[PDB]
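Listed here are the chains, written in short residue letters.
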Amino acid sequence: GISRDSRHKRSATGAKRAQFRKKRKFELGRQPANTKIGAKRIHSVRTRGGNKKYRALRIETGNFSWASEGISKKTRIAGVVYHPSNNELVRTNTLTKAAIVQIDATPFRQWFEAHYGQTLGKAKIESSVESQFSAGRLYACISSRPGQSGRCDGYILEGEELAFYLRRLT
Amino acid sequence: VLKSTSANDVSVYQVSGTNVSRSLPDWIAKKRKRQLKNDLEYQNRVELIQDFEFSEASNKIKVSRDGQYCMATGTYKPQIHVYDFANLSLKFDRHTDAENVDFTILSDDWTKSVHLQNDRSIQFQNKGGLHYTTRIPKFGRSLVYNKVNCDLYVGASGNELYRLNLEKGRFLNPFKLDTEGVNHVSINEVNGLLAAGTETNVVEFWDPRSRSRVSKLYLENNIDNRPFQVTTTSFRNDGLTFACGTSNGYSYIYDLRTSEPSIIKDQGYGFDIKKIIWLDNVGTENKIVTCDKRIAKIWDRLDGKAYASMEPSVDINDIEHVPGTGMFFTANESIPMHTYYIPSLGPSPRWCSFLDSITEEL
Amino acid sequence: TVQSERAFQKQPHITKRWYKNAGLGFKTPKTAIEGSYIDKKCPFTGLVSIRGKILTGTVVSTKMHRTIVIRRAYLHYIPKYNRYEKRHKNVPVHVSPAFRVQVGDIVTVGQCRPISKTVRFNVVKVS
Amino acid sequence: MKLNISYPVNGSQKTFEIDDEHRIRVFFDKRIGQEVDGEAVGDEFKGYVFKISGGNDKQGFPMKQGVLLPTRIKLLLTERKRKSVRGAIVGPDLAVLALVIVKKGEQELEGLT
Amino acid sequence: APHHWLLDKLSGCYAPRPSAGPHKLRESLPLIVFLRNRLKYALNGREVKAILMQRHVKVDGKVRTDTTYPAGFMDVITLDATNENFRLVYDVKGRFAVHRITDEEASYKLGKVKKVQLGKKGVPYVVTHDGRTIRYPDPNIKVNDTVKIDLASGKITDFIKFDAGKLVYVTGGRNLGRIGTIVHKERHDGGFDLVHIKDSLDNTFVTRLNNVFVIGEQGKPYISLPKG
RNA sequence: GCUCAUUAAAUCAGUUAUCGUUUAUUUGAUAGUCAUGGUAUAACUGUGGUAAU
RNA sequence: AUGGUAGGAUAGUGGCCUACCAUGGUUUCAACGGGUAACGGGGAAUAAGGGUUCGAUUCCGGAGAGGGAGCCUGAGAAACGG
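Residues numbered from 1 in each chain as written, not as in the entry; some residues may be left out. Chains lettered and ligands numbered in written order. Part of a larger assembly, values for the part shown. Heavy atoms only, no water. Residues with missing side-chain atoms left out of burial classes, pairs and counts.

Trainee: Which residues make up the overall build of chain D, and what values do they have?
Mentor: From N to C terminus, chain D includes 1 helix and 7 strands. The C-alpha atoms of chain D give 15 Å as radius of gyration, which agrees with the globular expectation for 113 residues (13 Å, within 12%). Oriented by its inertia axes, the alpha-carbon framework of chain D measures out at about 50 × 30 × 20 Å. In chain D, which comprises 113 residues, the share counted as buried stands at 39%. As displayed, chain D offers around 6,400 Å² of accessible surface, 44% of which is attributable to carbon and sulfur atoms. A distance of 12 Å separates the average location of the 19 positive side-chain charges in chain D from that of its 16 negative side-chain charges. (Helix = DSSP H or I, 4+ residues; strand = E, 2+ residues; numbered from the N terminus. Rg over C-alpha atoms; globule rule 2.2 N^0.38 Å. Buried < 20%, exposed > 50% of the residue type's maximum accessible area, 1.4 Å probe, protein only. Areas by Shrake-Rupley, 256 points an atom, 1.4 Å probe, with all protein chains shown as cover. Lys, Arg positive; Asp, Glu negative; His and termini not counted. Charge placed at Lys NZ, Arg CZ, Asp CG, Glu CD.)

Trainee: Any chance you could break down the overall build of chain C for me, citing the residues and the numbers?
Mentor: Secondary structure assignment for chain C yields 1 helix and 7 strands. Ordered by position in the sequence, the α and β elements of chain C form the string α-β-β-β-β-β-β-β. Viewed in the frame of its principal axes, chain C has a C-alpha envelope of about 60 × 30 × 25 Å. By the burial criterion, 34% of the 127 residues in chain C qualify as buried. By element, 54% of the accessible surface of chain C is carried by carbon and sulfur atoms, the whole surface being about 8,500 Å². Of the charged side chains in chain C, 25 are positive and 5 negative, and the gap between their average positions amounts to 7 Å.

Trainee: An account of the interface of chain D and chain B is needed here, citing residue identities and associated values.
Mentor: Opposite the 14 residues of chain D that make contact, chain B presents 17 residues. Here the side of chain D that touches chain B gets 4 residues from one element, more than from any other, and that element is strand 5 (residues 72-77) of chain D. For the side of chain D that touches chain B, the class distribution of residues is 7 nonpolar, 3 polar and 4 charged. (Contact = heavy atoms within 4.5 Å. Nonpolar A, V, L, I, M, F, W, Y, C, P; charged D, E, K, R; others polar.)

Trainee: Residue-level account of the interface of chain A and chain C, with values.
Mentor: Taken together, the contact pairs 9 residues of chain A with 7 residues of chain C. Summing both partners gives a buried area of about 790 Å² for chain A against chain C, and 54% of it is carried by carbon and sulfur. Taken together, the links from chain A to chain C amount to 0 salt bridges. Taken together, the links from chain A to chain C amount to 3 residue pairs in polar contact. Looking at the side of chain A that touches chain C, the element that brings in the most residues is helix 4 (residues 159-169) of chain A, giving 3 residues. (Buried area = accessible area lost by both parts, 1.4 Å probe. Salt bridge = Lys/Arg side-chain N within 4 Å of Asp/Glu carboxyl O. Polar contact = N/O pair within 3.5 Å; in protein donor to acceptor, adjacent residues only side chain to side chain.)

Trainee: Hey, could you go over the protein's contact with RNA strand F for me, with residue numbers and the actual values?
Mentor: The environment of RNA strand F is made up of 30 residues, and the closest members are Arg32 of chain B, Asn4, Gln13 and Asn56 of chain D together with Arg208 of chain E. Within 4 Å of the protein, the atoms of RNA strand F are drawn from sugar and phosphate moieties in a proportion of 79%. Within the side chain of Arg51 of chain C, a nitrogen or oxygen atom sits 2.9 Å from a phosphate oxygen of RNA strand F. One nitrogen or oxygen atom from the main chain of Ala20 of chain E is found 3.0 Å from a sugar or linking oxygen belonging to RNA strand F. Listed by contribution, the elements that provide at least two residues to the surface near RNA strand F are helix 1 (27-35) of chain B, strand 2 (12-17) of chain D together with strand 9 (133-135) of chain E. Across the surface near RNA strand F, the residue classes tally to 6 nonpolar, 11 polar and 13 charged. (Near = heavy atom within 4 Å.)

Trainee: Please give an account of the arrangement of the chains that cites residues and values.
Mentor: Inter-chain contacts occur across 4 pairs of chains; the most extensive set of contacts lies between chains B and D. With no contact formed, the shortest span from any C-alpha in chain C to any C-alpha in chain D equals 42 Å. At no point do chain A and chain E touch; the closest pair of C-alpha atoms across them sits 21 Å apart.

Trainee: Please provide a residue-by-residue account of helix 2 (residues 106-116) of chain A, values included.
Mentor: All names here are of chain A. All buried positions along helix 2 are accounted for by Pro107, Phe108 and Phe112. One side of helix 2 carries all its buried residues, which in axial view fall inside an arc of 145 degrees. Turned more than 90 degrees away from the buried face of helix 2, the exposed residues are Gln110 and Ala114. Along its buried surface, helix 2 packs onto strand 6 (61-65), strand 7 (72-82), strand 8 (100-104), helix 3 (127-135) and strand 9 (137-142). Where helix 2 ends, the next residue or the one after it, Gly117, has phi of about 120 degrees, a positive value. (Arc of directions from axis to C-beta.)

Trainee: If you had to explain the packing of aromatic side chains to someone new, which residues and values would you point to?
Mentor: If you walk through the whole model with that rule in mind, you get 29 aromatic pairs over all chains. Centre to centre, the rings of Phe45 of chain D and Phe50 of chain D are 5.8 Å apart; their planes meet at 75 degrees, and the pair counts as edge-to-face. Accessibility assignment for this pair places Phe45 of chain D and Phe50 of chain D in one class, buried. Each ring, one from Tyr90 of chain E and one from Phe96 of chain E, has its centre 6.0 Å from the other, and the planes form 85 degrees; the classification is edge-to-face. In this structure, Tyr90 of chain E and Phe96 of chain E share a single accessibility class: buried. Lying across the ring of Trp110 of chain B, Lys127 of chain B places its NZ or CZ 5.0 Å from the centre. Its guanidinium or amino end placed over the ring of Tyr155 of chain A, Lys10 of chain C lies 4.4 Å from that ring's centre, counting from NZ or CZ. (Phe/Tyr/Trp six-rings, centres within 6.5 Å; stacked < 30°, edge-to-face > 60°. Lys NZ or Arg CZ within 6 Å of the ring centre and 35° of its normal.)

Trainee: I'd like to hear about the sheet that holds strand 3 (residues 35-36) of chain D, residue by residue, with values.
Mentor: Whether parallel or antiparallel, the strands of a sheet pair through hydrogen bonds between backbone atoms. Overall, mixed pairing links the 5 strands, which are arranged 2-1-7-4-3 (chain D) in an open sheet. With partners counted over all chains shown, the strands left at the sheet margins are strand 2 and strand 3 of chain D, one partner each. (Pairing = 2+ DSSP bridges.)

Trainee: Just give me the short version of the packing of helix 1 (residues 31-38) of chain E against helix 2 (residues 45-53) of chain E, but keep the residues and values in it.
Mentor: Residues and elements named next belong to chain E. Interhelical geometry of helix 1 versus helix 2 gives an angle of 110 degrees and a closest axis separation of 10 Å. Comparing their axes, helix 2 and helix 1 come out roughly perpendicular. Seen from above, helix 1 lies across helix 2 with right-handed handedness. Contacts from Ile32, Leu35 and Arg36 in helix 1 reach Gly45, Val48 and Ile51 in helix 2. Here the residues of the contact of helix 1 with helix 2 are counted per class, giving 4 nonpolar, 1 polar and 1 charged. (Axes fitted to C-alpha atoms, helices over the stretch in contact; angles between N-to-C directions. Parallel < 35°, antiparallel > 145°, perpendicular 65-115°, else oblique. Left-handed = near helix turned anticlockwise from the far one by under 90°.)

Trainee: Talk me through the protein's contact with RNA strand G; I want residue IDs and the actual numbers.
Mentor: Around RNA strand G, 69 residues are found, and the nearest of them are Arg10 and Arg145 of chain A together with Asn90, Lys117 and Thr118 of chain C. In the interface set of RNA strand G, defined as its atoms within 4 Å of the protein, sugar plus phosphate atoms amount to 83%. Between RNA strand G and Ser6 of chain A, the relevant distance is 3.3 Å, taken from a base nitrogen to a side-chain nitrogen or oxygen of the residue. Take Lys77 of chain B: an N or O atom from its side chain is 2.9 Å from a phosphate oxygen of RNA strand G.

Trainee: Explain helix 3 of chain A to me, using residue names and the numbers behind them.
Mentor: All names here are of chain A. Taken together, the buried positions of helix 3 are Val129, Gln132 and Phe133. Taken down its axis, helix 3 places every buried residue within 115 degrees of arc, on the same side. Projecting away from the buried face of helix 3 at angles above 90 degrees are the exposed residues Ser127, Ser134 and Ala135. Contact partners of the buried residues in helix 3: helix 2, strand 9 and helix 4.

Trainee: Go over the sheet that holds strand 3 (residues 61-63) of chain B, please, and point to the residues and values.
Mentor: All names here are of chain B. Read across the sheet, 4 strands follow the order 3-4-5-6 without closing on themselves; strand pairing throughout is antiparallel. The open sheet is flanked by strand 3 and strand 6 (89-95), the only strands paired with a single partner. Going from strand to strand, the sheet's axes swing by 20 degrees on average, the running direction of each strand aside. Two strands pair when backbone bridges link them, and strand 4 (residues 69-74) and strand 5 (residues 79-84) are joined in this way by 6 bridges, in the antiparallel orientation. From the neighbouring strand, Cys70 faces strand 5, where its bridge partner is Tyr83.

Distances and angles like these do not, on their own, reveal function.
In structure tokens:
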């Protein structure tokens, strides 16, 4: 399918267009699955004989980590918010690496109450996140490759990195 | 065949999808394992049609006007599936570089095949393998060829509207966009007026013989929750009245008298209006299909009451219709492609000649 | 400005600044540790390993973004004529935001698991 | 056509050549799995209940379970090839009609029961 | 056919290819060349097979039954017949040399480490040139050093750090395979370190640091070099 | 394995670099967390169709 | 075309591909372009113990299995004994 043969494009000095050989198997390329948010379907690819890759195409749940307390809780996925490479992906709700999403705040909420003894801004954390706990939708980012591992794994926004993205969302 | 009531007292008949199970996708492994391990009387009751389990549903589904054909736009190892209703299997299975967002057939029975790729490009596709590939300035959502003017002109999320002629194979003097909402393209059959789906809910009527847009039509709502865009449009085969489908589920039904009033009719969910097709060919006419992401619905345009609510469990994104019949082609997000037929709409076609008999006698 | 791109720039961290030594007697500058540039392709504080050719030359053109051109002059010896020929080899290299480079700028680089289509060398020392 | 009749309760099986068109007409447009009384087909078949099971046509192409279309078509068959497939539904161009006895009636067949 | 096998060009067309194994294939000498061809123990190729299946030969403390089994530099090849022990050592002129050693010298071999890292669960490990990886070495043992190996177990009884002024054997390059005990270590572009060597006639010779194999101190080598 | 149509920093030759990678076989290291479960292919037994496999 | 960054794809590097961002690259030290009958050339490799420089061996480079195009297994093929 996709070929990565470096010959056809021009040289540094402008020499070009040899077609020394035809396209072969080791210079291969396969295709993106623009994964969405839905009932989780797992794809199968056989790569270089022994190994395999996980295309993702529909994702329901994924594992996100809360960075302040360092705990990890599996997250139900709702919607896509921001991505820097192309905003066509967000308006089609497509997951890639470094993609801003919205999540359910209630799995991180249930950890906060019975383990500590407090509610969520009706044990001190940031102000811009504590107002988002009442909204039920927390903002999170992706730090995995769904095109390779198939998982929706990532990190929730905190710190000055929170202030960078929320400036873009207004 | 299971018969399902849509609670409209109009019995809806379905096949080939979420309820039909093919226990022998591979007869070499499973059906040899079925003989000593089962009686297979339920599988003896299951009647598959045209022999495909086909993942990664499809971006679009098309049918030909002649030969009783189907196009299917697979995305697994992204591919194009062609079906013959005479032979009931794959005739032509080609794999594509990137996904075609919308497909357009040239005039009939896939003499050619025209794609609208995720890479900003059209692929020309013949009987032979992958005859020509193009490049487009912007990304693609929809495309329509017109037999008149020999032009296949495209546009999505662009500042200009891109006018390519297939005679002499060029593009020159392209049209422009008013504030870049061009999600959809639809053409009048009789008089050839262009339809457009805009973020500010405007339909742009560009006359190709005048090289210029005629008028704007705006949408207003009684509830009016959010700023909405019309995602897909349609023209009647008569060329009289207009179909407008917004993102909030509210069907807008317009008149080509250059006149603003409409009739409103919503789905219960209102997630989107996916595809709108006029039932002007089939008897008991003036009906029109309105489909959500999940809920599909056909209703009389002057009456506005539910004749059928066509609801598969897995969500879809596509409708395709065979004229004179109730043959409905939907791309449910699964391995089987749920197509389904309502006989109380109209008679079954000639390849479905026994397929009408199996359900009423049962 | 640090955060001028469309994505948030950060080190992967494989002070709020993580450092490492590229080795071979190339010292970590003040701009590396107490700086503001992220530069995942930088020899110090980044994700490249200097192994292979450590070469030197003269920087001749700097008008690109985050990269420069080394001109590598030398003399060829032709055995047939028993003469010399003056030569040069214009090599483009990635420069890091720790080294103050203009036309001139005697430079030292290191082979860095080729970065982009001609760049095999990243700037590690400028004199 | 011929009726390849099997009786699995005893396990025996026997074919009957049937040349009369009144006898075959009951089986027309019936499908594999359907319950068929041969008492209209024959007086010695009084009370019998038959299920259609399989068979072939006059060119060897078998009826496959529930495909459709009582003409012949070509299918992608099981590493998969394409051969010609005769449909699931009984037509007059069948050389045979193999079936199976479901409920037994009054009279008996010597070589069968 | 390569240089260092001492085969004639005669006696048959095809050269006996080496098997994959511990040593590099161009560095290897197969056992078919070792038995019937140089030591003249067998005559035909089939006669090598009868010796191996009866397990007469053992290489480096293992049974080692294979016709084209790759034997390389510094390999104790113990033959159970004759009570004689053989150690391969390269000859200056470009070729390999079969050498007699003692029973105590057949106990130990020397091995150049090629790469050292930290294994799983915090375990140091060194990787010899014969591919013998050993858990828990001395942290003094670092890159390009030799390792004395017990061969009853995989243990390390002696180790010699690379320092200038110690008796070095060369494994590779043009000037491959002499004494010369060190001049110093040069740095160059791309690495390409040229560890200089001055022989018994005190003449400078230049090969790569990759080719350097430390076979002893200034004065003493740890193994019985063949004298001639 | 045979046959048809001529490439100038390309091939090739050596050289690295693989801390940029994948590897069946080769070799060397390396794992404390019901006297017998449940399925399953056929061959075969006999009936046939098909100009034919 | 030169590069930046982000994503994708891949066994992996990577403008490989695409967004967005800068205007660069090689060059009288000859870039780039043209001619090559490139059966000419490679110590690739022994060779001829006086035939004066002879030999044989290996390497060319690419494509194909009626023509196009798409695919599947396998460490490896984009395999014509699918």
